[PDB]
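This is upload05.txt (compact mmCIF, C-alpha atoms).
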```
# COMPACT_ATOMS: atom_id res chain seq x y z
CA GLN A 1 0.00 0.00 0.00
CA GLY A 2 1.82 3.07 -1.28
CA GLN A 3 3.25 4.80 -4.37
CA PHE A 4 0.79 3.21 -6.82
CA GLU A 5 -2.92 3.96 -6.61
CA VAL A 6 -5.44 2.70 -9.15
CA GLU A 7 -8.66 4.68 -8.83
CA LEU A 8 -11.94 4.80 -10.74
CA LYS A 9 -14.22 7.79 -10.31
CA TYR A 10 -17.97 7.63 -10.79
CA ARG A 11 -20.89 10.01 -10.77
CA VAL A 12 -23.48 8.94 -8.16
CA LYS A 13 -27.04 10.02 -8.92
CA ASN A 14 -28.54 8.49 -5.74
CA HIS A 15 -27.00 8.93 -2.30
CA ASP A 16 -29.14 6.93 0.07
CA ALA A 17 -29.43 4.31 -2.63
CA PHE A 18 -25.67 4.08 -2.83
CA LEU A 19 -25.64 4.35 0.96
CA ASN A 20 -28.26 1.59 1.33
CA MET A 21 -25.98 -0.53 -0.85
CA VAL A 22 -22.85 -0.19 1.30
CA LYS A 23 -25.23 -0.20 4.25
CA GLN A 24 -25.88 -3.83 3.30
CA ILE A 25 -22.16 -4.57 3.03
CA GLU A 26 -19.57 -5.53 5.64
CA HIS A 27 -17.28 -2.50 5.83
CA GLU A 28 -15.07 -0.36 8.04
CA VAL A 29 -15.56 3.41 8.29
CA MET A 30 -12.69 5.90 8.21
CA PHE A 31 -15.01 8.88 8.57
CA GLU A 32 -18.30 10.18 7.23
CA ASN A 33 -19.51 13.65 6.24
CA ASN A 34 -16.27 15.54 7.00
CA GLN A 35 -15.32 18.72 5.18
CA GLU A 36 -12.25 18.30 3.00
CA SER A 37 -10.21 21.32 1.98
CA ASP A 38 -7.53 21.08 -0.67
CA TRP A 39 -4.82 23.59 -1.52
CA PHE A 40 -3.00 22.98 -4.80
CA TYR A 41 0.50 24.44 -5.21
CA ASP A 42 2.93 25.23 -7.99
CA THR A 43 5.72 27.65 -8.90
CA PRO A 44 5.15 30.90 -10.83
CA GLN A 45 5.79 29.31 -14.24
CA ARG A 46 3.59 26.36 -13.24
CA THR A 47 6.47 23.87 -13.50
CA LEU A 48 4.72 21.00 -11.73
CA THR A 49 1.63 21.37 -13.93
CA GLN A 50 3.72 21.32 -17.13
CA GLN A 51 5.32 18.08 -15.97
CA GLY A 52 2.03 16.35 -15.17
CA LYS A 53 2.36 16.67 -11.42
CA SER A 54 0.24 18.05 -8.61
CA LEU A 55 1.30 19.18 -5.14
CA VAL A 56 -1.44 19.29 -2.54
CA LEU A 57 -1.93 20.15 1.11
CA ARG A 58 -5.16 18.57 2.41
CA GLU A 59 -7.12 18.84 5.64
CA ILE A 60 -10.16 16.80 6.62
CA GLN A 61 -12.27 17.99 9.55
CA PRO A 62 -13.33 17.14 12.11
CA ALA A 63 -11.33 13.91 11.67
CA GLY A 64 -8.21 16.05 11.82
CA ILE A 65 -6.49 14.25 8.95
CA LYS A 66 -3.86 16.41 7.27
CA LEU A 67 -1.79 15.37 4.29
CA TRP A 68 1.00 16.53 2.04
CA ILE A 69 0.40 14.96 -1.40
CA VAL A 70 2.14 14.68 -4.75
CA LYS A 71 0.48 12.98 -7.74
CA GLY A 72 2.09 12.03 -11.04
CA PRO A 73 3.86 12.11 -13.35
CA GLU A 74 2.95 8.46 -13.92
CA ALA A 75 -0.82 8.06 -14.34
CA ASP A 76 -1.04 5.86 -11.23
CA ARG A 77 1.68 7.41 -9.05
CA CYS A 78 0.63 9.05 -5.81
CA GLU A 79 2.73 9.74 -2.74
CA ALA A 80 1.73 11.21 0.58
CA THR A 81 2.52 11.52 4.24
CA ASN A 82 0.50 12.77 7.18
CA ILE A 83 1.62 16.11 8.68
CA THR A 84 0.75 17.58 12.08
CA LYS A 85 0.93 21.31 11.28
CA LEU A 86 -0.96 22.35 8.16
CA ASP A 87 -0.20 26.05 8.54
CA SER A 88 3.51 25.33 8.93
CA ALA A 89 3.40 23.17 5.80
CA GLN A 90 1.66 25.97 3.86
CA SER A 91 4.18 28.55 5.05
CA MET A 92 7.16 26.31 4.21
CA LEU A 93 5.91 25.63 0.66
CA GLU A 94 5.57 29.37 0.02
CA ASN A 95 9.05 29.92 1.43
CA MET A 96 10.09 27.18 -1.02
CA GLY A 97 8.80 29.36 -3.85
CA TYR A 98 5.39 27.72 -4.26
CA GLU A 99 2.00 29.47 -4.46
CA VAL A 100 -1.62 28.31 -4.14
CA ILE A 101 -2.88 27.93 -7.69
CA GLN A 102 -6.19 26.59 -6.43
CA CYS A 103 -8.15 25.84 -3.27
CA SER A 104 -11.30 23.79 -2.76
CA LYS A 105 -13.83 22.43 -0.28
CA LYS A 106 -16.09 19.38 -0.44
CA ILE A 107 -17.94 17.07 1.93
CA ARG A 108 -16.41 13.60 1.96
CA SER A 109 -16.90 10.09 3.32
CA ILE A 110 -14.46 7.20 3.09
CA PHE A 111 -15.25 3.53 3.74
CA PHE A 112 -13.25 0.31 3.75
CA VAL A 113 -14.24 -3.00 2.13
CA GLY A 114 -11.30 -5.35 2.36
CA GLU A 115 -8.23 -3.47 1.17
CA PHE A 116 -10.29 -1.40 -1.25
CA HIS A 117 -11.39 2.15 -0.45
CA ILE A 118 -14.77 3.66 -1.26
CA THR A 119 -15.03 7.46 -1.36
CA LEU A 120 -18.33 9.33 -1.51
CA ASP A 121 -18.12 13.07 -2.28
CA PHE A 122 -20.60 15.90 -2.62
CA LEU A 123 -19.74 19.03 -4.51
CA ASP A 124 -22.35 21.65 -3.78
CA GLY A 125 -23.77 22.44 -7.21
CA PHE A 126 -22.40 19.53 -9.28
CA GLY A 127 -23.62 16.49 -7.38
CA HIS A 128 -22.34 13.31 -5.80
CA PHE A 129 -19.21 11.44 -6.91
CA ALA A 130 -17.71 8.10 -5.89
CA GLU A 131 -14.16 6.77 -6.01
CA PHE A 132 -13.03 3.17 -5.74
CA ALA A 133 -9.35 2.50 -5.25
CA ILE A 134 -6.48 0.47 -3.83
CA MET A 135 -2.88 1.58 -3.28
CA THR A 136 -0.21 -1.08 -3.80
CA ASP A 137 3.56 -1.30 -4.23
CA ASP A 138 3.48 -4.16 -6.74
CA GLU A 139 2.87 -2.67 -10.19
CA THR A 140 2.41 -6.01 -11.91
CA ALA A 141 -1.00 -6.37 -10.29
CA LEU A 142 -2.15 -2.96 -11.49
CA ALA A 143 -4.43 -4.16 -14.25
CA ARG A 144 -6.00 -6.85 -12.10
CA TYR A 145 -6.77 -4.48 -9.21
CA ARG A 146 -8.30 -2.14 -11.81
CA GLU A 147 -10.63 -5.06 -12.49
CA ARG A 148 -11.67 -6.06 -8.99
CA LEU A 149 -12.20 -2.31 -8.64
CA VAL A 150 -14.62 -2.45 -11.56
CA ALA A 151 -16.10 -5.59 -10.02
CA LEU A 152 -16.59 -3.79 -6.72
CA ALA A 153 -18.01 -0.80 -8.59
CA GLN A 154 -20.51 -3.14 -10.26
CA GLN A 155 -21.79 -4.09 -6.81
CA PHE A 156 -23.09 -0.53 -6.40
CA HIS A 157 -24.81 -0.77 -9.76
CA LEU A 158 -22.43 1.62 -11.52
CA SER A 159 -21.77 1.11 -15.23
CA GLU A 160 -18.96 2.45 -17.42
CA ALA A 161 -21.59 4.98 -18.48
CA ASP A 162 -21.37 6.32 -14.93
CA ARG A 163 -17.58 6.63 -15.10
CA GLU A 164 -16.31 10.17 -14.58
CA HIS A 165 -13.03 10.95 -16.32
CA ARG A 166 -12.81 14.63 -15.40
CA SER A 167 -10.80 14.90 -12.19
CA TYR A 168 -11.52 17.16 -9.21
CA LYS A 169 -8.95 19.82 -10.15
CA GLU A 170 -8.69 18.52 -13.67
CA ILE A 171 -12.16 20.03 -13.72
CA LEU A 172 -14.19 22.56 -11.93
CA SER A 173 -11.72 25.06 -13.06
CA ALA A 174 -14.67 24.51 -15.48
CA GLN B 1 6.37 30.00 20.60
CA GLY B 2 6.91 30.08 16.85
CA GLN B 3 7.71 33.28 14.96
CA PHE B 4 11.10 34.22 16.38
CA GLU B 5 13.70 31.69 17.42
CA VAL B 6 16.56 32.81 19.65
CA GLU B 7 19.30 30.19 19.87
CA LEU B 8 22.90 30.37 21.06
CA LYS B 9 25.31 27.56 20.21
CA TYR B 10 28.45 26.77 22.23
CA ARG B 11 31.33 24.29 22.01
CA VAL B 12 31.32 21.99 25.05
CA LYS B 13 34.79 20.94 26.20
CA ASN B 14 33.61 18.66 29.00
CA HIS B 15 30.53 16.52 28.29
CA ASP B 16 30.38 14.90 31.74
CA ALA B 17 30.75 18.23 33.52
CA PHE B 18 27.93 19.70 31.47
CA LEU B 19 25.55 16.92 32.52
CA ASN B 20 26.56 16.89 36.19
CA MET B 21 25.72 20.60 36.18
CA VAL B 22 22.31 20.07 34.56
CA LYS B 23 21.61 17.57 37.36
CA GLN B 24 21.70 20.48 39.83
CA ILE B 25 19.22 22.49 37.75
CA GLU B 26 15.50 21.65 37.74
CA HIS B 27 14.75 20.34 34.26
CA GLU B 28 12.90 17.81 32.12
CA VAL B 29 14.15 15.24 29.62
CA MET B 30 12.59 15.02 26.16
CA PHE B 31 15.04 12.34 25.07
CA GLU B 32 18.65 11.37 25.70
CA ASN B 33 21.37 10.02 23.44
CA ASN B 34 19.28 9.46 20.34
CA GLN B 35 20.71 9.34 16.87
CA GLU B 36 19.63 12.24 14.68
CA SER B 37 19.94 12.00 10.91
CA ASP B 38 19.50 15.06 8.75
CA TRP B 39 19.09 15.19 4.99
CA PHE B 40 19.60 18.64 3.49
CA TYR B 41 17.83 19.28 0.17
CA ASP B 42 18.17 21.85 -2.58
CA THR B 43 17.84 22.15 -6.34
CA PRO B 44 20.98 21.14 -8.26
CA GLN B 45 21.86 24.82 -8.85
CA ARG B 46 21.63 25.47 -5.08
CA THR B 47 18.67 27.88 -5.18
CA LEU B 48 17.85 27.60 -1.47
CA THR B 49 21.40 27.55 -0.16
CA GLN B 50 22.32 30.77 -1.97
CA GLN B 51 19.31 32.48 -0.40
CA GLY B 52 20.21 31.46 3.14
CA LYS B 53 17.56 28.74 3.33
CA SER B 54 17.79 25.13 4.49
CA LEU B 55 15.22 22.50 3.55
CA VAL B 56 15.60 19.51 5.86
CA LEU B 57 14.07 16.06 6.51
CA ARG B 58 15.01 14.86 9.99
CA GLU B 59 14.65 11.59 11.87
CA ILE B 60 15.50 10.91 15.52
CA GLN B 61 15.77 7.35 16.90
CA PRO B 62 14.67 5.53 18.93
CA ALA B 63 12.40 8.49 19.76
CA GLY B 64 10.71 8.00 16.41
CA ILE B 65 10.44 11.73 15.72
CA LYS B 66 10.28 12.65 12.04
CA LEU B 67 10.34 16.22 10.77
CA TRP B 68 10.16 18.29 7.62
CA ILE B 69 12.02 21.56 8.25
CA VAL B 70 12.79 24.89 6.59
CA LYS B 71 15.12 27.37 8.30
CA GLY B 72 15.72 30.91 7.04
CA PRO B 73 15.98 33.05 5.06
CA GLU B 74 16.01 35.13 8.27
CA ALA B 75 18.49 33.93 10.92
CA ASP B 76 15.78 33.76 13.58
CA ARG B 77 13.24 31.91 11.42
CA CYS B 78 12.61 28.18 11.65
CA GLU B 79 9.45 26.29 10.69
CA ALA B 80 8.60 22.59 10.89
CA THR B 81 5.95 19.89 11.02
CA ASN B 82 6.11 16.25 12.05
CA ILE B 83 5.59 13.77 9.21
CA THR B 84 4.64 10.09 9.51
CA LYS B 85 6.40 8.76 6.40
CA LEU B 86 10.05 9.76 6.05
CA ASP B 87 10.59 7.88 2.77
CA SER B 88 7.50 9.37 1.12
CA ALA B 89 8.68 12.88 1.99
CA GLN B 90 12.09 11.99 0.58
CA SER B 91 10.51 10.74 -2.63
CA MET B 92 8.15 13.71 -2.91
CA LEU B 93 10.96 16.31 -2.62
CA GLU B 94 12.78 14.31 -5.30
CA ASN B 95 9.71 14.41 -7.54
CA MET B 96 9.48 18.15 -6.87
CA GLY B 97 12.98 18.71 -8.24
CA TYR B 98 15.17 18.59 -5.14
CA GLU B 99 18.13 16.35 -4.35
CA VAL B 100 20.07 15.53 -1.22
CA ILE B 101 22.96 17.98 -1.24
CA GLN B 102 24.24 16.96 2.20
CA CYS B 103 23.46 14.44 4.93
CA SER B 104 24.60 13.84 8.48
CA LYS B 105 24.09 12.05 11.77
CA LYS B 106 24.96 12.87 15.36
CA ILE B 107 24.10 11.98 18.93
CA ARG B 108 21.60 14.32 20.57
CA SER B 109 19.88 14.82 23.90
CA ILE B 110 17.22 17.50 24.46
CA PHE B 111 16.26 18.82 27.89
CA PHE B 112 13.74 21.43 29.04
CA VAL B 113 14.39 24.13 31.65
CA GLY B 114 11.21 26.15 31.80
CA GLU B 115 10.30 27.23 28.26
CA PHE B 116 14.00 26.99 27.40
CA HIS B 117 15.52 24.22 25.33
CA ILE B 118 18.94 22.76 26.03
CA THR B 119 20.32 20.50 23.33
CA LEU B 120 23.53 18.57 23.96
CA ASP B 121 25.12 17.19 20.81
CA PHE B 122 28.07 15.01 19.97
CA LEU B 123 29.52 15.31 16.49
CA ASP B 124 32.21 12.63 16.18
CA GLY B 125 35.46 14.15 15.00
CA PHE B 126 34.40 17.65 16.01
CA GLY B 127 33.46 17.34 19.66
CA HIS B 128 30.49 18.25 21.82
CA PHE B 129 28.14 21.22 21.36
CA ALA B 130 25.23 22.78 23.20
CA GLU B 131 22.33 24.89 22.02
CA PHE B 132 20.17 27.03 24.27
CA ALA B 133 17.01 28.18 22.59
CA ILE B 134 13.55 29.65 22.96
CA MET B 135 10.72 30.61 20.63
CA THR B 136 8.36 33.56 20.97
CA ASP B 137 5.83 35.58 18.97
CA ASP B 138 6.68 38.76 20.89
CA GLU B 139 9.40 40.58 18.96
CA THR B 140 9.70 43.10 21.82
CA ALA B 141 11.16 40.49 24.18
CA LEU B 142 14.08 39.37 21.97
CA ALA B 143 16.90 41.21 23.73
CA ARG B 144 15.67 40.08 27.15
CA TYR B 145 15.44 36.43 26.00
CA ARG B 146 18.93 36.52 24.56
CA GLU B 147 20.08 37.80 27.94
CA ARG B 148 18.41 34.93 29.79
CA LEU B 149 20.01 32.45 27.37
CA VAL B 150 23.46 33.85 28.16
CA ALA B 151 22.88 33.57 31.90
CA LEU B 152 21.54 30.04 31.44
CA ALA B 153 24.64 29.10 29.45
CA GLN B 154 26.73 30.86 32.10
CA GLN B 155 25.45 28.30 34.59
CA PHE B 156 27.23 25.64 32.54
CA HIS B 157 30.44 27.66 32.64
CA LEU B 158 30.13 28.61 28.97
CA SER B 159 31.26 32.05 27.82
CA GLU B 160 31.19 34.09 24.61
CA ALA B 161 34.60 32.52 24.02
CA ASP B 162 32.86 29.16 23.75
CA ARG B 163 30.27 30.59 21.36
CA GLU B 164 30.00 28.56 18.17
CA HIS B 165 29.02 30.77 15.23
CA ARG B 166 28.90 28.14 12.49
CA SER B 167 25.72 26.24 11.61
CA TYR B 168 25.59 22.44 11.76
CA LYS B 169 26.11 22.21 8.01
CA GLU B 170 29.12 24.58 8.15
CA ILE B 171 30.85 22.71 10.99
CA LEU B 172 30.57 19.53 8.91
CA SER B 173 31.95 21.35 5.85
CA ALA B 174 34.99 22.45 7.86
```
Conversion result in structure tokens:
Amino acid sequence: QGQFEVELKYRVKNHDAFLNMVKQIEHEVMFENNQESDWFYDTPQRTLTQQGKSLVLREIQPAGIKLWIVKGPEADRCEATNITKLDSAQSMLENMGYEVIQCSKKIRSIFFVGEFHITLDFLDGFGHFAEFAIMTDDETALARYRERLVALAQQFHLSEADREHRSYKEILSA
Amino acid sequence: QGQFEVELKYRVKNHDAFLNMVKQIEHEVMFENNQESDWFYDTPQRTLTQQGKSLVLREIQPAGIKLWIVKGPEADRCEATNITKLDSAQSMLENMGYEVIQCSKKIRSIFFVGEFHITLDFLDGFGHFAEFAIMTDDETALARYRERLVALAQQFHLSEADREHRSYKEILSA
């Protein structure tokens, strides 16, 4: 569980329905209905963005989860580490020459089903979204996880037609 | 305690004498004789170094303390946050364009005397060193704090003649 995260995003048109579904499934809960704030960073010339990378500081309340994240360049590469002082992290990145190129808020819920993660998000105005994923270190099993992920997705009655390819930041820059 | 750091470093000729003295002063132990490893980062062209900044990833064992630190550009400025995954941070700074420009290890003990910090270090091949420090948000009390740090150090029979002006990195560079 690390550097390689396969993730499928879906549009969810029915919350309680989706909820009822997981409601009828054996699962662990990381947290429900927290507010997640994300701060995306980059240099003045947008160097990270030109290289297919994203740098993010993230805080989830009231769970109190705070992360320093870097995604890319590889399609499935994602690294992170928990941090205790979000403000210090923000201040250090600016001192490092970085600037917030985007900030965002959303209500989020994350559940566990085996080693797979289920994320349910709600963007005020655009609707509910769902993410299914698993982070692994072995990259050979990255096409087979992508499948059990689809399998799991199928359990919630979500078809490829429900698949959402536009990413959070990747879109609602709109 | 965060905006302004006041810290005086001194060379310690007699390690045992320093500790026997601390035994006569009311104090607390954070940790004793731990190994501290520091990894200094910068871009290949030394952007940060040339601007008086230090970007550091630090690990202390067996305490298990892991930090992401940025000191400077101002001499009295130091910011940090604990991180849970040292290797992820290392890999993220790498992905962000930084490289290890210098690394080091030393033996360190940290004690508390009021809101004052006393750090006793051992840098093999260079000798022992002590740091007396304090952090405050009140810029009006700087002179007074520096005075109390001299007196404190005076208790350990350390004078301005024992004052070490070089930073950790500079002492190593000899």
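For the pair chain B and chain A, the all-Cα root-mean-square deviation following least-squares superposition comes to 0.8 Å.
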Residues of chain A near chain B: apply a cut-off of 12 Å, count all atoms listed in the file, and supply the list as a tab-separated table (two decimals) with C-alpha atoms, in the coordinates of the input.
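Full text of selection_1.tsv as output:
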```tsv
chain	number	residue	atom	x	y	z
A	2	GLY	CA	1.82	3.07	-1.28
A	3	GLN	CA	3.25	4.80	-4.37
A	41	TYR	CA	0.50	24.44	-5.21
A	42	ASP	CA	2.93	25.23	-7.99
A	43	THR	CA	5.72	27.65	-8.90
A	46	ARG	CA	3.59	26.36	-13.24
A	47	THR	CA	6.47	23.87	-13.50
A	48	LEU	CA	4.72	21.00	-11.73
A	49	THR	CA	1.63	21.37	-13.93
A	51	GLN	CA	5.32	18.08	-15.97
A	52	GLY	CA	2.03	16.35	-15.17
A	53	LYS	CA	2.36	16.67	-11.42
A	54	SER	CA	0.24	18.05	-8.61
A	55	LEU	CA	1.30	19.18	-5.14
A	56	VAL	CA	-1.44	19.29	-2.54
A	65	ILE	CA	-6.49	14.25	8.95
A	66	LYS	CA	-3.86	16.41	7.27
A	67	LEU	CA	-1.79	15.37	4.29
A	68	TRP	CA	1.00	16.53	2.04
A	69	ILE	CA	0.40	14.96	-1.40
A	70	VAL	CA	2.14	14.68	-4.75
A	71	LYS	CA	0.48	12.98	-7.74
A	72	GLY	CA	2.09	12.03	-11.04
A	73	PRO	CA	3.86	12.11	-13.35
A	74	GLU	CA	2.95	8.46	-13.92
A	77	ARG	CA	1.68	7.41	-9.05
A	78	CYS	CA	0.63	9.05	-5.81
A	79	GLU	CA	2.73	9.74	-2.74
A	80	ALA	CA	1.73	11.21	0.58
A	81	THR	CA	2.52	11.52	4.24
A	82	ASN	CA	0.50	12.77	7.18
A	83	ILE	CA	1.62	16.11	8.68
A	84	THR	CA	0.75	17.58	12.08
A	85	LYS	CA	0.93	21.31	11.28
A	86	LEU	CA	-0.96	22.35	8.16
A	87	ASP	CA	-0.20	26.05	8.54
A	88	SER	CA	3.51	25.33	8.93
A	89	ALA	CA	3.40	23.17	5.80
A	90	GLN	CA	1.66	25.97	3.86
A	91	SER	CA	4.18	28.55	5.05
A	92	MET	CA	7.16	26.31	4.21
A	93	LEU	CA	5.91	25.63	0.66
A	94	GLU	CA	5.57	29.37	0.02
A	95	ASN	CA	9.05	29.92	1.43
A	96	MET	CA	10.09	27.18	-1.02
A	97	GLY	CA	8.80	29.36	-3.85
A	98	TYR	CA	5.39	27.72	-4.26
```
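Pairwise distance (CA of residue 76 in chain A, CA of residue 171 in chain A) equals 18.2 Å.
Taking CA of residue 108 in chain B and CA of residue 168 in chain B as the two end points, the separation is 12.6 Å.
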**Asked** Which neighbours of range 124-137 of chain B fall inside 9 Å, counting only C-alpha atoms, when residues of the same chain fewer than 3 positions from it are skipped, and could you give them as a ChimeraX atom specification?
**Response** /B:1-15,106-107,115-121,140-142,145-146,149-150,152-153,164,171-172
**Prompt:** So which residues touch residue 21 in chain A within 12 Å, counting all atoms listed in the file, skipping near sequence neighbours fewer than 2 positions away, as number ranges by chain?
**Reply:** A: 14-19, 23-27, 118, 152-158
Now that the selection is made, can you save its residues with C-alpha atoms as a PDB file, in the frame of the given file?
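Listed below is the output, again.pdb:
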```pdb
ATOM      1  CA  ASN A  14     -28.540   8.490  -5.740  1.00  0.00           C
ATOM      2  CA  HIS A  15     -27.000   8.930  -2.300  1.00  0.00           C
ATOM      3  CA  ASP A  16     -29.140   6.930   0.070  1.00  0.00           C
ATOM      4  CA  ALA A  17     -29.430   4.310  -2.630  1.00  0.00           C
ATOM      5  CA  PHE A  18     -25.670   4.080  -2.830  1.00  0.00           C
ATOM      6  CA  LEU A  19     -25.640   4.350   0.960  1.00  0.00           C
ATOM      7  CA  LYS A  23     -25.230  -0.200   4.250  1.00  0.00           C
ATOM      8  CA  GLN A  24     -25.880  -3.830   3.300  1.00  0.00           C
ATOM      9  CA  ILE A  25     -22.160  -4.570   3.030  1.00  0.00           C
ATOM     10  CA  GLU A  26     -19.570  -5.530   5.640  1.00  0.00           C
ATOM     11  CA  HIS A  27     -17.280  -2.500   5.830  1.00  0.00           C
ATOM     12  CA  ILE A 118     -14.770   3.660  -1.260  1.00  0.00           C
ATOM     13  CA  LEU A 152     -16.590  -3.790  -6.720  1.00  0.00           C
ATOM     14  CA  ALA A 153     -18.010  -0.800  -8.590  1.00  0.00           C
ATOM     15  CA  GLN A 154     -20.510  -3.140 -10.260  1.00  0.00           C
ATOM     16  CA  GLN A 155     -21.790  -4.090  -6.810  1.00  0.00           C
ATOM     17  CA  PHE A 156     -23.090  -0.530  -6.400  1.00  0.00           C
ATOM     18  CA  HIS A 157     -24.810  -0.770  -9.760  1.00  0.00           C
ATOM     19  CA  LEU A 158     -22.430   1.620 -11.520  1.00  0.00           C
TER      20      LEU A 158
END
```
**Request:** Take CA of residue 39 in chain B and CA of residue 170 in chain B and report the distance between them in Å, one decimal.
**Result:** 14.1 Å
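Comparing B:63, B:151, B:100, B:57 by their smallest distance to residue 44 in chain B, the closest is B:100 (using all atoms listed in the file).
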Contacts of residue 62 in chain B at 12 Å or less, counting only C-alpha atoms, minus same-chain residues fewer than 6 places along, as a JSON list (two decimals) with C-alpha atoms, keeping the file's coordinate frame?
```json
[["chain", "number", "residue", "atom", "x", "y", "z"],
["B", 31, "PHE", "CA", 15.04, 12.34, 25.07],
["B", 32, "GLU", "CA", 18.65, 11.37, 25.70],
["B", 33, "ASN", "CA", 21.37, 10.02, 23.44],
["B", 34, "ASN", "CA", 19.28, 9.46, 20.34],
["B", 35, "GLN", "CA", 20.71, 9.34, 16.87],
["B", 36, "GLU", "CA", 19.63, 12.24, 14.68],
["B", 37, "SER", "CA", 19.94, 12.00, 10.91],
["B", 107, "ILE", "CA", 24.10, 11.98, 18.93],
["B", 108, "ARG", "CA", 21.60, 14.32, 20.57],
["B", 109, "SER", "CA", 19.88, 14.82, 23.90]]
```
Around all of range 11-15 of chain B's listed atoms, make the axis-aligned box with 6 Å on each side and tell me centre and edge lengths in Å to one decimal, as AutoDock Vina command-line options.
```
--center_x 32.7 --center_y 20.4 --center_z 25.5 --size_x 16.3 --size_y 19.8 --size_z 19.0
```
Could range 2-26 of chain A be written out with C-alpha atoms, as an mmCIF file, in the first residue's frame, please?
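What follows is the written file part38.cif:
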```cif
data_model
loop_
_atom_site.group_PDB
_atom_site.id
_atom_site.type_symbol
_atom_site.label_atom_id
_atom_site.label_comp_id
_atom_site.auth_asym_id
_atom_site.auth_seq_id
_atom_site.Cartn_x
_atom_site.Cartn_y
_atom_site.Cartn_z
ATOM 1 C CA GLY A 2 1.819 3.075 -1.284
ATOM 2 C CA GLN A 3 3.248 4.804 -4.368
ATOM 3 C CA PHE A 4 0.788 3.210 -6.816
ATOM 4 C CA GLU A 5 -2.915 3.955 -6.609
ATOM 5 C CA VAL A 6 -5.439 2.697 -9.154
ATOM 6 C CA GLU A 7 -8.660 4.679 -8.834
ATOM 7 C CA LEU A 8 -11.945 4.797 -10.741
ATOM 8 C CA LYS A 9 -14.224 7.788 -10.315
ATOM 9 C CA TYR A 10 -17.967 7.626 -10.792
ATOM 10 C CA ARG A 11 -20.893 10.006 -10.766
ATOM 11 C CA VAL A 12 -23.475 8.940 -8.161
ATOM 12 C CA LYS A 13 -27.038 10.021 -8.917
ATOM 13 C CA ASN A 14 -28.544 8.494 -5.745
ATOM 14 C CA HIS A 15 -26.995 8.928 -2.297
ATOM 15 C CA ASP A 16 -29.143 6.933 0.073
ATOM 16 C CA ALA A 17 -29.435 4.314 -2.627
ATOM 17 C CA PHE A 18 -25.670 4.085 -2.826
ATOM 18 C CA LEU A 19 -25.642 4.353 0.962
ATOM 19 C CA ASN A 20 -28.260 1.590 1.326
ATOM 20 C CA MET A 21 -25.985 -0.531 -0.853
ATOM 21 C CA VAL A 22 -22.848 -0.191 1.305
ATOM 22 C CA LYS A 23 -25.235 -0.201 4.252
ATOM 23 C CA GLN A 24 -25.878 -3.826 3.300
ATOM 24 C CA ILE A 25 -22.159 -4.574 3.028
ATOM 25 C CA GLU A 26 -19.573 -5.526 5.642
#
```
